Amino acid sequence: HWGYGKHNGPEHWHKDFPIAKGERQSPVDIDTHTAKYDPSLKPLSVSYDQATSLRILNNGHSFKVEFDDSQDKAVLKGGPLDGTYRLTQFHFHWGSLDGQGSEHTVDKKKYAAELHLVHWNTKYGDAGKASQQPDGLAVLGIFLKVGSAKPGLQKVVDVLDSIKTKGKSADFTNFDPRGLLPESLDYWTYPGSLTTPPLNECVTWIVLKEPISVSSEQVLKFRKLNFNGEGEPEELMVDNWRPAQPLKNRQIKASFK
Ligand SMILES: NS(=O)(=O)c1c(F)c(F)c(S(=O)(=O)CCO)c(NC2CCc3ccccc32)c1F
Ligand SMILES: NS(=O)(=O)c1c(F)c(F)c(S(=O)(=O)CCO)c(N[C@H]2CCc3ccccc32)c1F
Ligand SMILES: [Zn+2]
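Using the authors' numbering, the letters of the sequence shown correspond one by one to residues 4 to 125, 127 to 261.
As structure tokens, then:
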């Protein structure tokens, strides 16, 4: 199966998913000096007040919190986007140590983790169909650094011991994703891809400039999850990040400066 290990990790994915070597793959390094300030970009609109979280699960790659996306409840618009994008799930990528774990990098700096809030363009009706379109998804990426705790993350971390191994899931209602956001919505944006198989080139990435702070104790709970199913050799779920991919013929735009 595909994974993050030596024998099935990112360097292997192109064999089953040849788009891995495509022209708009993610993540990328964000060279802040080269990013073009675009005064035509709009403020992002993040409207999460009616979000309805449903469940949390360990799928052997990450953990994911899924939302009720059957109506317009938690939506992203504005910024670089045309139309409305509905939140369907968020998940994280993180490292074995605090000096790695993010997918995007900023002037080559790696953060301890990266949160991805995945949204689909409602003009395509469902997230699967959206993932087949060049403008189908918008993923809001937020870096995590280790320092003071993020109180809004604590409900997630306290539930992780219930989903330790691949295939476990639990009820996870009333989680407010507004508690995961930094103060500023200044962002970089570029056209890219899913960072996991199938690697579809369907994502408008919106990466916030300001990281959130999480505590060491919060990230150490991420690192207690297992990639493996219960019974199988124990392999901690760490370093579940794809490294930066070639920028190729893309421009990263900044909403600021
Ligand atoms: N994710 S959660 O439901 O476990 C949850 C929290 F547990 C939590 F503590 C906070 S807080 O702002 O740190 C608490 C201040 O009262 C938030 N913060 C929220 C919800 C509403 C809102 C609006 C702006 C900024 C943050 C938040 C939260 F969504
Ligand atoms: N980093 S990222 O945001 O690119 C990203 C993931 F990192 C990730 F793990 C998942 S997954 O569903 O948990 C695993 C299979 O890709 C998805 N989900 C994908 C799979 C296909 C699809 C279709 C519509 C919306 C999301 C996804 C994902 F979009
Ligand atoms: Zn992701």
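No residue lacks a Cβ here, since even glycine has one placed at the ideal position from N, Cα and C.
**Asked** Are there three or more Cβ pairs, one per stretch, closer than 8 Å when the region 150-161 is compared with the region 213-222?
**Response** In short, these stretches touch, since the Cβ pair count reaches three.
**Request:** With DSSP as the reference, label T108 as helix, strand or coil.
**Result:** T108: strand per DSSP, three-state reduction.
**Prompt:** With respect to the alpha helix (DSSP H) encompassing residue 264, which residues constitute its N-terminal and C-terminal limits?
**Reply:** Residue 264 lies beyond the residue range present for the chain, which begins at 4 and ends at 261; the question has no answer from this structure.
**Message:** According to DSSP, simplified to helix, strand and coil, what is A174?
**Reply:** Three-state result, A174: strand.
**Message:** At a threshold of 7 Å, does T199 count as lining ligand 3 (C-beta to nearest heavy atom)?
**Reply:** Because some heavy atom of ligand 3 lies under 7 Å away, the Cβ of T199 counts as near it: yes.
**Message:** Are the CB atoms of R227 and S99 within a distance shorter than 8 Å?
**Reply:** Going by beta carbons, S99 and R227 fall inside the 8 Å limit.
**Asked** My guess is that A77 and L203 are in contact by the Cβ rule of under 8 Å, so how many angstroms apart are they, rounded?
**Response** That pair is no contact at about 25 Å.
**Request:** Along the alpha helix (DSSP H) that carries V223, what are the first and last residues, could you check?
**Result:** DSSP places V223 inside the alpha helix (DSSP H), whose first and last residues are 220-226.
**Request:** Please confirm if the region 31-42 is in contact with the region 129-147, defined as three or more CB-CB distances below 8 Å between the two stretches.
**Result:** Judged by Cβ distances under 8 Å, the region 31-42 makes no contact with the region 129-147, as fewer than three pairs qualify.
**Prompt:** So what does DSSP say about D32, is it helix, strand or coil?
**Reply:** Strand, per DSSP.
**Asked** Where do the N-terminal and C-terminal ends of the beta strand (DSSP E) with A116 fall, by residue?
**Response** Where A116 is concerned, the enclosing beta strand (DSSP E) stretches over 116-124.
**Prompt:** From this set, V49, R89, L90, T55, which residue's C-alpha is nearest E187's C-alpha?
**Reply:** Minimum Cα distance to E187 is reached at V49.
**Message:** Taking the alpha carbon of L57 as the reference point, which residue from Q103, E69, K113, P46 has its own alpha carbon closest?
**Reply:** Taking only the C-alpha atoms, the option nearest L57 is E69.
**Message:** Assuming the contact rule is C-beta atoms closer than 8 Å, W192 and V207 should be a hit. Round their C-beta distance to whole Å, please.
**Reply:** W192 to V207, Cβ: 13 Å. No contact.
**Request:** Rank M241, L229, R246, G235 by C-alpha distance to the C-alpha of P201 and give the top, closest one.
**Result:** Closest by alpha carbon: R246.
**Message:** Helix, strand or coil for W16? Go by DSSP, reduced to three states.
**Reply:** In the structure shown, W16 sits in a helix (DSSP, three-state: H, G or I).
**Message:** Tell me the DSSP secondary structure of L198 in three-state form.
**Reply:** Correct three-state label for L198: coil.
**Anticipated Cβ contact below 8 Å, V150 with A115, distance rounded** = That pair is a contact at about 5 Å.
**Message:** Can you check which of these residues, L44, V223, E236, is closest to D162 by C-alpha distance?
**Reply:** Across the set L44, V223, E236, the C-alpha of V223 shows the shortest separation from the C-alpha of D162.
**Asked** Which partner residues of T193 appear in the DSSP bridge assignment?
**Response** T193 pairs with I210, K257.
**Message:** According to DSSP, simplified to helix, strand and coil, what is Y51?
**Reply:** Shown here, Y51 sits in coil according to DSSP, grouped into three states, outside any helix or strand.
**Request:** Specify which residues have a beta carbon nearer than 5 Å to any heavy atom of ligand 1, listing them in chain order.
**Result:** Result (chain order): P155, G156, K159, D180, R182, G183.
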